$ cat my_file_12.pdb   # PDB, C-alpha atoms
ATOM      1  CA  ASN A   1      -4.144 -44.245 -22.971
ATOM      2  CA  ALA A   2      -1.367 -42.203 -21.334
ATOM      3  CA  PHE A   3       0.864 -41.801 -24.379
ATOM      4  CA  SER A   4      -2.092 -40.127 -26.089
ATOM      5  CA  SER A   5      -2.254 -37.347 -23.499
ATOM      6  CA  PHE A   6       1.531 -37.041 -23.496
ATOM      7  CA  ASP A   7       1.655 -36.632 -27.280
ATOM      8  CA  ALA A   8      -1.210 -34.135 -27.113
ATOM      9  CA  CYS A   9       0.629 -31.908 -24.634
ATOM     10  CA  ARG A  10       3.785 -32.318 -26.734
ATOM     11  CA  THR A  11       2.155 -31.195 -29.979
ATOM     12  CA  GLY A  12       0.510 -28.351 -28.084
ATOM     13  CA  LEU A  13       3.888 -27.040 -26.974
ATOM     14  CA  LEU A  14       5.242 -27.364 -30.518
ATOM     15  CA  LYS A  15       2.308 -25.408 -31.945
ATOM     16  CA  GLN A  16       2.786 -22.768 -29.251
ATOM     17  CA  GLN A  17       6.414 -22.315 -30.275
ATOM     18  CA  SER A  18       5.563 -22.039 -33.974
ATOM     19  CA  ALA A  19       2.779 -19.522 -33.376
ATOM     20  CA  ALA A  20       5.030 -17.464 -31.115
ATOM     21  CA  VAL A  21       7.708 -17.253 -33.800
ATOM     22  CA  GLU A  22       5.188 -16.239 -36.463
ATOM     23  CA  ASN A  23       3.449 -13.596 -34.351
ATOM     24  CA  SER A  24       6.739 -12.104 -33.175
ATOM     25  CA  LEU A  25       7.930 -11.828 -36.776
ATOM     26  CA  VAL A  26       4.722 -10.087 -37.839
ATOM     27  CA  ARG A  27       4.761  -7.624 -34.939
ATOM     28  CA  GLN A  28       8.458  -6.857 -35.431
ATOM     29  CA  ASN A  29       8.003  -6.178 -39.140
ATOM     30  CA  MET A  30       5.027  -3.887 -38.535
ATOM     31  CA  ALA A  31       6.975  -1.897 -35.948
ATOM     32  CA  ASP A  32       9.992  -1.546 -38.235
ATOM     33  CA  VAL A  33       7.851  -0.365 -41.152
ATOM     34  CA  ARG A  34       6.186   2.216 -38.916
ATOM     35  CA  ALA A  35       9.590   3.448 -37.753
ATOM     36  CA  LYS A  36      10.811   3.794 -41.338
ATOM     37  CA  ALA A  37       7.711   5.791 -42.267
ATOM     38  CA  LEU A  38       8.243   8.069 -39.268
ATOM     39  CA  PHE A  39      11.849   8.592 -40.349
ATOM     40  CA  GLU A  40      10.797   9.668 -43.840
ATOM     41  CA  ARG A  41       8.162  12.003 -42.389
ATOM     42  CA  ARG A  42      10.845  13.539 -40.177
ATOM     43  CA  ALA A  43      13.086  13.951 -43.219
ATOM     44  CA  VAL A  44      10.457  15.921 -45.119
ATOM     45  CA  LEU A  45       9.669  18.000 -42.034
ATOM     46  CA  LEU A  46      13.366  18.827 -41.671
ATOM     47  CA  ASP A  47      13.483  19.878 -45.313
ATOM     48  CA  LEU A  48      10.505  22.148 -44.575
ATOM     49  CA  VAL A  49      11.759  23.464 -41.227
ATOM     50  CA  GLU A  50      12.786  27.106 -40.981
ATOM     51  CA  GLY A  51      15.025  29.072 -38.643
ATOM     52  CA  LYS A  52      18.665  29.458 -37.645
TER      53      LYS A  52
ATOM     54  CA  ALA B   1      -7.157 -13.683  25.669
ATOM     55  CA  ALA B   2      -6.830 -13.767  21.877
ATOM     56  CA  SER B   3      -3.068 -13.385  21.592
ATOM     57  CA  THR B   4      -1.167 -12.336  18.494
ATOM     58  CA  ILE B   5      -0.186 -15.079  16.042
ATOM     59  CA  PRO B   6       3.409 -14.562  14.824
ATOM     60  CA  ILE B   7       4.217 -14.943  11.150
ATOM     61  CA  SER B   8       5.802 -18.347  11.784
ATOM     62  CA  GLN B   9       2.482 -19.877  12.910
ATOM     63  CA  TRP B  10       0.442 -18.730   9.892
ATOM     64  CA  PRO B  11       0.701 -22.006   7.936
ATOM     65  CA  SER B  12      -0.969 -23.761  10.862
ATOM     66  CA  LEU B  13      -3.404 -20.862  11.236
ATOM     67  CA  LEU B  14      -4.574 -21.463   7.665
ATOM     68  CA  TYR B  15      -5.539 -25.120   8.176
ATOM     69  CA  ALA B  16      -6.439 -24.945  11.883
ATOM     70  CA  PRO B  17      -8.046 -21.526  12.334
ATOM     71  CA  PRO B  18      -9.388 -20.321  15.684
ATOM     72  CA  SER B  19     -12.986 -20.841  16.698
ATOM     73  CA  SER B  20     -15.579 -18.359  15.469
ATOM     74  CA  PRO B  21     -19.379 -18.094  15.412
ATOM     75  CA  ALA B  22     -19.162 -19.019  11.700
ATOM     76  CA  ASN B  23     -16.450 -21.620  11.361
ATOM     77  CA  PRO B  24     -15.493 -23.466   8.176
ATOM     78  CA  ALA B  25     -15.075 -27.226   7.781
ATOM     79  CA  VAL B  26     -11.496 -27.592   9.004
ATOM     80  CA  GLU B  27     -11.546 -31.267   8.025
ATOM     81  CA  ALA B  28     -12.399 -30.161   4.471
ATOM     82  CA  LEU B  29     -10.116 -27.131   4.136
ATOM     83  CA  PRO B  30      -7.464 -29.334   2.436
ATOM     84  CA  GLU B  31     -10.143 -30.240  -0.136
ATOM     85  CA  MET B  32     -10.972 -26.713  -1.337
ATOM     86  CA  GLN B  33      -9.718 -26.383  -4.909
ATOM     87  CA  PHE B  34     -10.254 -24.078  -7.874
ATOM     88  CA  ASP B  35      -8.002 -24.719 -10.864
ATOM     89  CA  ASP B  36      -6.876 -21.678 -12.841
ATOM     90  CA  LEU B  37      -5.273 -23.993 -15.433
ATOM     91  CA  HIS B  38      -8.460 -25.900 -16.289
ATOM     92  CA  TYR B  39      -9.412 -24.202 -19.553
ATOM     93  CA  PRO B  40      -5.851 -23.451 -20.725
ATOM     94  CA  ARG B  41      -4.894 -27.098 -20.219
ATOM     95  CA  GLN B  42      -8.090 -28.310 -21.892
ATOM     96  CA  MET B  43      -7.436 -26.113 -24.927
ATOM     97  CA  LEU B  44      -3.794 -27.176 -25.105
ATOM     98  CA  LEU B  45      -4.687 -30.868 -25.004
ATOM     99  CA  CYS B  46      -7.413 -30.515 -27.628
ATOM    100  CA  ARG B  47      -5.251 -28.455 -29.993
ATOM    101  CA  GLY B  48      -2.498 -31.038 -29.601
ATOM    102  CA  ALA B  49      -4.998 -33.751 -30.464
ATOM    103  CA  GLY B  50      -5.738 -31.739 -33.600
ATOM    104  CA  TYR B  51      -9.032 -29.938 -33.081
ATOM    105  CA  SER B  52      -9.784 -26.343 -34.039
ATOM    106  CA  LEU B  53     -10.549 -23.445 -31.715
ATOM    107  CA  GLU B  54     -14.289 -23.687 -32.380
ATOM    108  CA  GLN B  55     -14.353 -27.432 -31.726
ATOM    109  CA  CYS B  56     -12.362 -26.888 -28.531
ATOM    110  CA  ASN B  57     -14.763 -24.205 -27.312
ATOM    111  CA  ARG B  58     -17.750 -26.432 -28.081
ATOM    112  CA  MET B  59     -16.184 -29.423 -26.303
ATOM    113  CA  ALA B  60     -15.050 -27.370 -23.299
ATOM    114  CA  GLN B  61     -16.744 -28.071 -19.977
ATOM    115  CA  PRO B  62     -16.452 -26.460 -16.538
ATOM    116  CA  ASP B  63     -14.174 -27.974 -13.938
ATOM    117  CA  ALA B  64     -15.556 -30.730 -11.729
ATOM    118  CA  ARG B  65     -12.503 -30.649  -9.425
ATOM    119  CA  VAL B  66     -13.867 -27.822  -7.296
ATOM    120  CA  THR B  67     -14.695 -27.579  -3.611
ATOM    121  CA  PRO B  68     -17.142 -30.395  -2.761
ATOM    122  CA  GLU B  69     -20.796 -29.614  -2.198
ATOM    123  CA  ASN B  70     -22.307 -29.372   1.258
ATOM    124  CA  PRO B  71     -24.112 -32.646   2.103
ATOM    125  CA  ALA B  72     -26.681 -30.623   4.048
ATOM    126  CA  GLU B  73     -28.110 -29.363   0.755
ATOM    127  CA  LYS B  74     -29.157 -32.967   0.045
ATOM    128  CA  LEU B  75     -29.871 -34.291   3.547
ATOM    129  CA  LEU B  76     -31.716 -31.309   5.097
ATOM    130  CA  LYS B  77     -33.469 -30.347   1.866
ATOM    131  CA  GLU B  78     -37.043 -30.056   3.137
ATOM    132  CA  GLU B  79     -36.081 -28.313   6.378
ATOM    133  CA  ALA B  80     -33.962 -25.812   4.455
ATOM    134  CA  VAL B  81     -36.782 -25.075   2.011
ATOM    135  CA  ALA B  82     -39.175 -24.557   4.920
ATOM    136  CA  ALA B  83     -36.734 -22.223   6.662
ATOM    137  CA  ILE B  84     -36.264 -20.215   3.468
ATOM    138  CA  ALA B  85     -40.033 -19.925   3.066
ATOM    139  CA  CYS B  86     -40.312 -18.723   6.664
ATOM    140  CA  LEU B  87     -37.609 -16.127   6.012
ATOM    141  CA  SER B  88     -39.189 -14.902   2.776
ATOM    142  CA  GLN B  89     -42.508 -14.513   4.591
ATOM    143  CA  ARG B  90     -41.215 -13.062   7.879
ATOM    144  CA  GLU B  91     -38.578 -10.593   6.630
ATOM    145  CA  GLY B  92     -35.478 -12.691   7.242
ATOM    146  CA  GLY B  93     -36.545 -14.088  10.600
ATOM    147  CA  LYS B  94     -36.543 -10.794  12.471
ATOM    148  CA  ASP B  95     -37.421 -11.073  16.168
ATOM    149  CA  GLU B  96     -37.041 -14.851  16.100
ATOM    150  CA  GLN B  97     -39.744 -15.871  13.628
ATOM    151  CA  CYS B  98     -37.898 -18.862  12.090
ATOM    152  CA  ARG B  99     -36.316 -20.145  15.310
ATOM    153  CA  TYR B 100     -38.502 -23.238  14.927
ATOM    154  CA  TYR B 101     -36.990 -24.453  11.657
ATOM    155  CA  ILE B 102     -33.499 -23.196  12.478
ATOM    156  CA  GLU B 103     -33.460 -25.100  15.773
ATOM    157  CA  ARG B 104     -34.810 -28.255  14.143
ATOM    158  CA  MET B 105     -31.978 -28.099  11.607
ATOM    159  CA  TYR B 106     -29.378 -27.351  14.283
ATOM    160  CA  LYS B 107     -30.483 -30.331  16.369
ATOM    161  CA  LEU B 108     -30.577 -32.654  13.356
ATOM    162  CA  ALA B 109     -27.054 -31.615  12.398
ATOM    163  CA  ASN B 110     -25.418 -31.512  15.844
ATOM    164  CA  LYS B 111     -27.075 -34.111  18.112
ATOM    165  CA  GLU B 112     -25.813 -32.581  21.353
TER     166      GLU B 112
ATOM    167  CA  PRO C   1      11.267 -26.615  -8.415
ATOM    168  CA  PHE C   2       8.157 -24.459  -8.555
ATOM    169  CA  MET C   3       8.838 -20.819  -7.572
ATOM    170  CA  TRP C   4      12.187 -19.936  -9.089
ATOM    171  CA  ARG C   5      12.034 -16.145  -8.839
ATOM    172  CA  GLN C   6      10.974 -16.506  -5.193
ATOM    173  CA  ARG C   7      13.432 -19.245  -4.149
ATOM    174  CA  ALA C   8      16.850 -17.652  -4.582
ATOM    175  CA  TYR C   9      18.623 -20.121  -2.292
ATOM    176  CA  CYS C  10      18.023 -22.768  -4.987
ATOM    177  CA  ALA C  11      19.230 -20.514  -7.810
ATOM    178  CA  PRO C  12      22.552 -20.454  -9.661
ATOM    179  CA  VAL C  13      25.362 -18.173  -8.562
ATOM    180  CA  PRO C  14      25.764 -14.879 -10.467
ATOM    181  CA  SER C  15      28.961 -16.182 -12.076
ATOM    182  CA  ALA C  16      26.793 -18.664 -13.997
ATOM    183  CA  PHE C  17      24.826 -15.963 -15.839
ATOM    184  CA  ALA C  18      28.085 -14.528 -17.206
ATOM    185  CA  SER C  19      28.573 -16.888 -20.188
ATOM    186  CA  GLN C  20      32.335 -16.837 -19.560
ATOM    187  CA  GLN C  21      34.716 -18.714 -17.290
ATOM    188  CA  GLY C  22      43.882 -30.389 -16.889
ATOM    189  CA  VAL C  23      40.319 -30.426 -15.581
ATOM    190  CA  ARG C  24      38.374 -27.180 -15.265
ATOM    191  CA  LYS C  25      36.070 -25.986 -12.516
ATOM    192  CA  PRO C  26      32.328 -26.491 -13.064
ATOM    193  CA  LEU C  27      30.460 -23.780 -14.930
ATOM    194  CA  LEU C  28      27.156 -24.214 -13.073
ATOM    195  CA  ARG C  29      26.884 -23.925  -9.293
ATOM    196  CA  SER C  30      23.974 -23.225  -6.964
ATOM    197  CA  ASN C  31      23.560 -21.155  -3.823
ATOM    198  CA  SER C  32      22.209 -24.222  -2.002
ATOM    199  CA  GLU C  33      25.820 -25.372  -1.632
ATOM    200  CA  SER C  34      26.164 -22.710   1.064
ATOM    201  CA  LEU C  35      24.091 -25.099   3.202
ATOM    202  CA  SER C  36      26.920 -27.666   3.120
ATOM    203  CA  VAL C  37      30.169 -27.336   5.044
ATOM    204  CA  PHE C  38      32.497 -29.454   2.890
ATOM    205  CA  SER C  39      31.026 -28.432  -0.464
ATOM    206  CA  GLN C  40      33.938 -26.211  -1.515
ATOM    207  CA  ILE C  41      36.521 -26.719   1.249
ATOM    208  CA  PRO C  42      38.173 -30.161   1.395
ATOM    209  CA  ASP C  43      37.548 -32.843   4.004
ATOM    210  CA  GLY C  44      41.224 -33.046   4.930
ATOM    211  CA  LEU C  45      41.984 -33.952   8.533
ATOM    212  CA  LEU C  46      38.267 -34.465   9.091
ATOM    213  CA  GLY C  47      38.354 -37.386  11.519
ATOM    214  CA  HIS C  48      41.805 -36.608  12.910
ATOM    215  CA  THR C  49      41.185 -33.257  14.623
ATOM    216  CA  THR C  50      39.633 -34.760  17.769
ATOM    217  CA  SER C  51      42.733 -36.950  18.210
ATOM    218  CA  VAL C  52      45.180 -34.133  19.063
ATOM    219  CA  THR C  53      45.215 -34.585  22.839
ATOM    220  CA  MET C  54      46.883 -32.585  25.591
ATOM    221  CA  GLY C  55      47.285 -33.788  29.136
ATOM    222  CA  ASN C  56      45.934 -32.150  32.253
ATOM    223  CA  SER C  57      48.187 -30.089  34.514
ATOM    224  CA  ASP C  58      47.021 -30.586  38.118
ATOM    225  CA  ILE C  59      49.549 -31.496  40.814
ATOM    226  CA  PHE C  60      48.201 -33.298  43.888
ATOM    227  CA  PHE C  61      50.705 -32.192  46.517
ATOM    228  CA  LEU C  62      50.097 -30.305  49.747
ATOM    229  CA  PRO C  63      52.362 -30.406  52.822
ATOM    230  CA  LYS C  64      50.606 -31.919  55.841
ATOM    231  CA  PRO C  65      51.996 -30.266  58.996
ATOM    232  CA  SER C  66      50.376 -32.079  61.909
ATOM    233  CA  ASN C  67      52.800 -30.737  64.521
ATOM    234  CA  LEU C  68      50.753 -27.528  64.309
ATOM    235  CA  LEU C  69      47.523 -29.263  65.354
ATOM    236  CA  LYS C  70      46.618 -30.958  68.629
ATOM    237  CA  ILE C  71      42.855 -31.503  68.215
ATOM    238  CA  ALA C  72      40.902 -33.941  66.097
ATOM    239  CA  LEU C  73      38.762 -32.775  63.192
ATOM    240  CA  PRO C  74      35.326 -33.915  62.018
ATOM    241  CA  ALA C  75      35.089 -36.389  59.163
ATOM    242  CA  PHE C  76      32.326 -37.314  56.748
ATOM    243  CA  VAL C  77      30.640 -40.668  56.258
ATOM    244  CA  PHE C  78      30.491 -41.462  52.551
ATOM    245  CA  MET C  79      28.695 -44.819  52.414
ATOM    246  CA  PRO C  80      26.516 -46.877  54.753
ATOM    247  CA  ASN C  81      28.185 -49.758  56.559
ATOM    248  CA  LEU C  82      26.874 -52.840  54.764
ATOM    249  CA  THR C  83      29.212 -55.165  56.681
ATOM    250  CA  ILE C  84      26.888 -55.008  59.715
ATOM    251  CA  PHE C  85      23.131 -55.616  59.651
ATOM    252  CA  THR C  86      23.374 -56.483  55.963
ATOM    253  CA  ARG C  87      20.101 -58.406  55.858
ATOM    254  CA  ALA C  88      18.013 -55.581  57.371
ATOM    255  CA  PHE C  89      19.515 -52.651  55.435
ATOM    256  CA  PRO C  90      16.602 -52.255  52.967
ATOM    257  CA  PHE C  91      14.268 -52.279  55.976
ATOM    258  CA  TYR C  92      16.027 -49.810  58.299
ATOM    259  CA  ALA C  93      17.720 -47.528  55.756
ATOM    260  CA  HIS C  94      14.816 -45.053  55.764
ATOM    261  CA  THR C  95      14.955 -44.429  59.529
ATOM    262  CA  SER C  96      17.295 -42.230  61.575
TER     263      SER C  96
ATOM    264  CA  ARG D   1      49.006 -50.240  18.222
ATOM    265  CA  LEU D   2      48.343 -49.743  14.508
ATOM    266  CA  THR D   3      49.251 -53.335  13.668
ATOM    267  CA  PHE D   4      47.183 -55.141  16.318
ATOM    268  CA  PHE D   5      44.963 -52.671  18.228
ATOM    269  CA  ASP D   6      43.210 -50.447  15.670
ATOM    270  CA  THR D   7      39.669 -50.531  14.306
ATOM    271  CA  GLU D   8      38.994 -46.780  14.402
ATOM    272  CA  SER D   9      41.003 -46.361  11.202
ATOM    273  CA  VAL D  10      38.854 -48.812   9.237
ATOM    274  CA  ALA D  11      35.635 -47.424  10.689
ATOM    275  CA  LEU D  12      36.645 -43.852   9.864
ATOM    276  CA  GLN D  13      37.694 -44.787   6.330
ATOM    277  CA  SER D  14      34.309 -46.406   5.721
ATOM    278  CA  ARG D  15      32.531 -43.368   7.153
ATOM    279  CA  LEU D  16      34.615 -41.040   4.970
ATOM    280  CA  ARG D  17      33.764 -42.964   1.804
ATOM    281  CA  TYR D  18      30.118 -42.696   2.849
ATOM    282  CA  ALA D  19      30.651 -38.951   3.284
ATOM    283  CA  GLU D  20      32.131 -38.688  -0.205
ATOM    284  CA  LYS D  21      29.093 -40.390  -1.725
ATOM    285  CA  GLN D  22      26.815 -38.046   0.229
ATOM    286  CA  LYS D  23      28.764 -34.972  -0.882
ATOM    287  CA  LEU D  24      28.634 -35.901  -4.559
ATOM    288  CA  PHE D  25      24.914 -36.655  -4.357
ATOM    289  CA  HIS D  26      24.162 -33.258  -2.823
ATOM    290  CA  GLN D  27      26.369 -31.553  -5.408
ATOM    291  CA  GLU D  28      24.580 -33.187  -8.340
ATOM    292  CA  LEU D  29      21.192 -32.364  -6.815
ATOM    293  CA  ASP D  30      22.007 -28.673  -6.424
ATOM    294  CA  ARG D  31      23.364 -28.586  -9.977
ATOM    295  CA  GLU D  32      20.126 -30.081 -11.302
ATOM    296  CA  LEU D  33      18.015 -27.539  -9.419
ATOM    297  CA  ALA D  34      20.052 -24.620 -10.768
ATOM    298  CA  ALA D  35      19.767 -26.091 -14.263
ATOM    299  CA  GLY D  36      15.992 -26.182 -13.901
ATOM    300  CA  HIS D  37      16.010 -22.558 -12.809
ATOM    301  CA  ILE D  38      17.911 -21.689 -15.980
ATOM    302  CA  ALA D  39      15.548 -23.822 -18.068
ATOM    303  CA  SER D  40      12.668 -21.692 -16.810
ATOM    304  CA  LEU D  41      14.175 -18.920 -18.998
ATOM    305  CA  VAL D  42      13.778 -20.764 -22.312
ATOM    306  CA  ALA D  43      10.147 -19.637 -22.316
ATOM    307  CA  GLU D  44      11.201 -15.995 -22.068
ATOM    308  CA  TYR D  45      13.845 -16.498 -24.752
ATOM    309  CA  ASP D  46      12.621 -15.121 -28.084
ATOM    310  CA  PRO D  47      14.865 -15.961 -31.070
ATOM    311  CA  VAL D  48      13.069 -13.475 -33.329
ATOM    312  CA  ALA D  49      14.403 -10.521 -31.338
ATOM    313  CA  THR D  50      17.880 -11.453 -32.558
ATOM    314  CA  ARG D  51      16.638 -10.663 -36.062
ATOM    315  CA  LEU D  52      17.924  -7.473 -37.641
ATOM    316  CA  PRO D  53      15.310  -5.183 -39.247
ATOM    317  CA  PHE D  54      14.625  -6.148 -42.860
ATOM    318  CA  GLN D  55      16.784  -9.271 -42.636
ATOM    319  CA  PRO D  56      16.001 -12.995 -42.475
ATOM    320  CA  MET D  57      16.065 -15.033 -39.296
ATOM    321  CA  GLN D  58      18.955 -17.419 -38.654
ATOM    322  CA  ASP D  59      18.528 -21.091 -37.795
ATOM    323  CA  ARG D  60      21.571 -20.637 -35.548
ATOM    324  CA  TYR D  61      19.232 -19.304 -32.846
ATOM    325  CA  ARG D  62      17.167 -22.508 -32.738
ATOM    326  CA  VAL D  63      14.224 -21.633 -34.991
TER     327      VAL D  63
END

$ encode --input "my_file_12.pdb" --output "structure tokens"
Amino acid sequence: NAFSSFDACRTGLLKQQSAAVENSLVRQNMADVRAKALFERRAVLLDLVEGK
Amino acid sequence: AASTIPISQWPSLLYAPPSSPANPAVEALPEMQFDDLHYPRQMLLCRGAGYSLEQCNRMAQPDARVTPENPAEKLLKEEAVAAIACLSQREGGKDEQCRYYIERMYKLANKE
Amino acid sequence: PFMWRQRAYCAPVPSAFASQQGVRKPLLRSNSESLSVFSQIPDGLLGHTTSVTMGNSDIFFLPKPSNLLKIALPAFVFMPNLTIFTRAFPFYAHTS
Amino acid sequence: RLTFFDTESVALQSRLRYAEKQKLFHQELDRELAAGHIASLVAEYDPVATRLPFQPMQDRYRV
């Protein structure tokens, strides 16, 4: 009756860790893609810029 | 008369406060509880058991480990209802219009 | 073991967060050791420091020239005479 | 004196062994508390942040 609760809390922590890893990966990848897109936009704007 | 309480006497001030016209139950102050971990812990345990979020939210229940209920609400029920009726009818007991019921309750609860 | 960011006396020393250093010294130490005297210093000569004794230095000598004096001097009574009226002492001690 | 009239030495030796036990106990206790403080940081630790952009994650950082 006590090992049940212990195992429940245990599996909860494990699931927390897995979900954290997955969500962090997703967020990181989205941010990196956005940064790359911004870099390309800046490249085209520098090709279009004018002055001296 | 009411002298300053230094910061070192605050822990005792919390569980033995000075007298006031509206005092709390000092004997019950160690029994006042309100768990901020109730629902997080419930969800964690259920998800570890293997249930889904919807099942967890349907099985969730509010915490019973809260501050106990006042026994007066069960012992002085009729007198309290009568006092509340008097107040509702007499504008909150202005100019001592519910003194009757209030004094009956006070006597019942205090006994000199 | 409940409020770590608020209880710094129970926290590790800053040399522990550094990840760099026969037998070696321990890598993990706490600030709570400051509350012990012999934590870091040794206990050498611990129960032998109260044994280093030095003698007193008073000399009880004073010349007693009585040829200078020709009169008696008053003297104190230090204890009651129990050799006389021994049996009644508890009964007459409070009088004068 | 030391051969026939000494018990303070034995008493002090016993007390000093007691003191050694006490010292080691306190030391281990403080070490354990500091270790728990450090363990409180494993929750903040995020092994995905070690990942380089557009590269796979390494099991070396305890996936």

$ atom_distance --input "my_file_12.pdb" --atom1 "CA of residue 28 (chain A)" --atom2 "CA of residue 49 (chain D)"
8.1 Å

$ closest_atom_pairs --input "my_file_12.pdb" --of "chain D" --to "chain C" --cutoff "10 Å" --atoms "all atoms listed in the file" --output "CSV"
residue,atom,partner,partner_atom,distance
D:8,CA,C:47,CA,9.8
D:9,CA,C:47,CA,9.4
D:12,CA,C:47,CA,6.9
D:13,CA,C:47,CA,9.1
D:15,CA,C:47,CA,9.4
D:16,CA,C:47,CA,8.4
D:19,CA,C:43,CA,9.2
D:20,CA,C:43,CA,9.0
D:23,CA,C:39,CA,6.9
D:24,CA,C:39,CA,8.8
D:26,CA,C:33,CA,8.1
D:27,CA,C:33,CA,7.3
D:28,CA,C:29,CA,9.6
D:29,CA,C:32,CA,9.5
D:30,CA,C:30,CA,5.8
D:31,CA,C:29,CA,5.9
D:32,CA,C:30,CA,9.0
D:33,CA,C:10,CA,6.5
D:34,CA,C:12,CA,5.0
D:35,CA,C:28,CA,7.7
D:36,CA,C:1,CA,7.3
D:37,CA,C:4,CA,5.9
D:38,CA,C:12,CA,7.9
D:40,CA,C:4,CA,7.9

$ resolve_selection --input "my_file_12.pdb" --expression "the PyMOL selection byres ((chain A) within 10 of (chain B))" --output "VMD selection string"
chain A and resid 4 to 16

$ write_last_selection --input "my_file_12.pdb" --atoms "C-alpha atoms" --output "PDB file, keeping the file's coordinate frame"
ATOM      1  CA  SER A   4      -2.092 -40.127 -26.089  1.00  0.00           C
ATOM      2  CA  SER A   5      -2.254 -37.347 -23.499  1.00  0.00           C
ATOM      3  CA  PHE A   6       1.531 -37.041 -23.496  1.00  0.00           C
ATOM      4  CA  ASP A   7       1.655 -36.632 -27.280  1.00  0.00           C
ATOM      5  CA  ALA A   8      -1.210 -34.135 -27.113  1.00  0.00           C
ATOM      6  CA  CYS A   9       0.629 -31.908 -24.634  1.00  0.00           C
ATOM      7  CA  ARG A  10       3.785 -32.318 -26.734  1.00  0.00           C
ATOM      8  CA  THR A  11       2.155 -31.195 -29.979  1.00  0.00           C
ATOM      9  CA  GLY A  12       0.510 -28.351 -28.084  1.00  0.00           C
ATOM     10  CA  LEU A  13       3.888 -27.040 -26.974  1.00  0.00           C
ATOM     11  CA  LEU A  14       5.242 -27.364 -30.518  1.00  0.00           C
ATOM     12  CA  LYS A  15       2.308 -25.408 -31.945  1.00  0.00           C
ATOM     13  CA  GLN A  16       2.786 -22.768 -29.251  1.00  0.00           C
TER      14      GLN A  16
END

$ interface_residues --input "my_file_12.pdb" --of "chain D" --to "chain A" --cutoff "10 Å" --atoms "all atoms listed in the file" --output "PyMOL selection string"
chain D and resi 43+46-49+51-57+63

$ residues_around --input "my_file_12.pdb" --residues "residue 98 (chain B)" --least-positions-apart "5" --cutoff "8 Å" --atoms "only C-alpha atoms" --output "count of residues only"
5

$ resolve_selection --input "my_file_12.pdb" --expression "the PyMOL selection byres ((chain B and resi 15-32) around 12)" --output "MDAnalysis selection string"
chainID B and resid 2:5 9:14 33:35 65:71

$ atom_distance --input "my_file_12.pdb" --atom1 "CA of residue 79 (chain B)" --atom2 "CA of residue 101 (chain B)"
6.6 Å

$ atom_distance --input "my_file_12.pdb" --atom1 "CA of residue 74 (chain B)" --atom2 "CA of residue 89 (chain B)"
23.2 Å
